[PDB]
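Okay, here we've got a single chain as structure tokens, the form deposited in one PDB entry, with questions on binding and movement later.
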């Protein structure tokens, strides 16, 4: 079992050990000073790895002094392992919180910024508060990212050398960090290196659901209303149209009416894009479309119509604000709720780190997933002292009452013997149910229902001592330790001889992993302990995932009340049920990660092409590129497409971005598509020269960024929410052999081209059409 991987690793610790004595003589400052010595050496030569022995050795004595926690080889091996970029499988109570110190320090010497992710706020704040004396003492700084944290403070934390926090906030922050307008609000920093505590939990387990930021539609609510009232008051002269090419615009009569109606007196400018966009689809919905032709009004809602059948294309909603507009138009309750803006799985958010790593107590079994996703290599480490415990069997039953009384009675029994027990549950109500019998009978205990992880954290530590009964859910008091004695050497041996801590799990969990975690809370290093599972036939995991066996047994009749069950075949069935929800879950992540890849490739560019604008990167060759793009398109459409519809081609460009009287070109019949476009484009290069010369190349470029970036946001968020609705729409399909994913990709590919186009034709319009 990973013998040589650990053996070679052992050579590293072997060296760390020889060094120890030399540093022993050193003062507190002779040690801090070393952080610098380190940094400077890194510039002169040596790799982070070439430093490893001394680096960790320095964390050893500094740790060995400010917290007492000197480090044990296993805690060193694991330290090296995190730095090597893998998983550090150590069992509960093995000291993982400290296995991290040595590795952060080492990597934090680059000034880049290390990341330590935990399962929750408390776990992170506590983790940082504990090891900070080691970090601080060595000339480094630490910060932790907690929930509802103001931007000002939040910035400072990533600024610090080391940073801790809930997995939810790191990936969350990021979203806002890339979703934000200017940089006065970006909060993150370079995602360089991360250490994931309880890696199986965040990565493998959470994976199932993605992170999603949404937005409260207060603004939009009365916005379509105002726009719709105005478009309503508007006259035929206030706008011009063309149902032939499905376009419409607001004439000069409208610009002023809008400025007079609203308090906005400028319009057309990037500042206002909003009122303008809204009044736009408000107008289009009012005249370009019509009742019973385009869209239809059934009951209290407005459904869309398909042109290929005349049927109602249900499920699908109108694009970029349109439906919301038609709704306002007719006079029906508007769907203004849950706006999905940001979204991301941990499968990818974590892929975004130069060097990934983590620790846990159960991962080598899921290695194939950890590697073929995060290319995380699980390396198992030996436990410090030999692990002696009693991982007892699964007391099998039928009927929850039978299972429950068996549990209640076995607890009164262990309790009198004087030993503590840990009753693991998997529901706040089940924990209360099991609680009722104990109270009904008269035996003291406390309920840890994962809500105030800190208050409960204290409770579980004490739980580990003398006559205590603690019923915790599978998420209550996690990183806390079960010290036999609760801090006393007296109760330590008393409870040590009595046979450790006892663990009883209500039902078999969703995986062997979660179960061994209840089993793991006991028997650390060198402590006796027992753990047993009181299972029953109606427990869902078996009830639904068991098979034909549990069914007939459950159906039969009734006989031996309170009498437990057994059989070879019975167990053979109980295990398939768990490995069945194991595989069920294996594939739910598969069909969540892929659906994200599609949006991840998109979100990838929309983001780079968003960051260009922010870090003052030149966008002139690119805007000009898309400007040419619009025209090359006009080419295939009217130029070549229909045949040579000059009136249309020109209407399209006047429609799109060209001014009023400009594209006048001789030749036409004598000239070819390309030449005609080269001309239309030179005519455009001139239009921009008029702009630069009359505005100043600087405002011209400065303005280039103001509107490119602004329209991306408007059309991107809407493309995202809509890409989600697209997924929901595939649900009502299947066909002969049409993969539900395949369709989603195609209808998502062109949907991306439509989005990008809505940007091409929009940056330019604002950049040329009016000024």
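Throughout, rigid core stands for the largest set of C-alpha atoms superposing within 1.5 Å between the two forms. Positions refer to the first chain, counted from 1.
Novice: Highest mean C-alpha temperature factor of the two stretches 452 to 460 and 306 to 314, which is it?
Specialist: Taking the mean C-alpha B-factor of 306 to 314 and of 452 to 460, the larger value falls to 306 to 314.
Novice: Looking at the deposited entry, does 436 to 444 or 159 to 167 carry the larger mean Cα B-factor?
Specialist: Per the deposited B-factors, the answer is 436 to 444.
Novice: Select one of 10, 763, 756, 22: the residue whose C-alpha shows the highest B-factor in the crystal structure entry.
Specialist: The record points to 22.
Novice: Looking at 694, 211, 117, 334, which has the biggest Cα B factor in the entry?
Specialist: Highest C-alpha B-factor among the listed options: 334.
Novice: Name the third of the chain's ranked CA B-factors that contains residue 290, choosing lowest, middle or highest.
Specialist: Highest third.
Novice: Per the entry's values, where does residue 493 land by CA temperature factor relative to the rest of its chain, in the lowest, middle or highest third?
Specialist: Middle third.
Novice: Quick check for you: using the entry's CA B-factors within this chain, is residue 151 in the lowest, middle or highest third?
Specialist: Highest third, going by the recorded CA B-factors of the chain.
Novice: Would you mind ranking residue 60 by its C-alpha B-factor against the rest of the chain and naming the third, lowest, middle or highest?
Specialist: Residue 60: CA B-factor falls in the middle third of its chain.
Novice: Among the chain's modelled residues, which third holds the C-alpha B-factor of residue 598?
Specialist: Its C-alpha B-factor, which the entry lists for residue 598, ranks in the highest third among residues of this chain.
The same protein has a further form, the form deposited in another entry, not shown here; the description that follows concerns it.
Novice: Considering only 412, 214, 553, 614, which residue exhibits a C-alpha shift of no less than 2 Å between the shown form and the other one, with the rigid core used for superposition?
Specialist: After core superposition, the one over threshold is 214.
Novice: Superpose on the rigid core, then tell me if the C-alpha of residue 183 is displaced by 2 angstroms or more between the shown form and the other one.
Specialist: Result for residue 183: yes, a 2 Å-plus shift.
Novice: Relative to the form shown here, do the C-alpha atoms of residue 208 and residue 573 sit closer together or farther apart in the other form, given a change of 3 Å or more?
Specialist: Farther is correct, given that in the other form the C-alpha spacing of residue 208 to residue 573 is increased by at least 3 Å.
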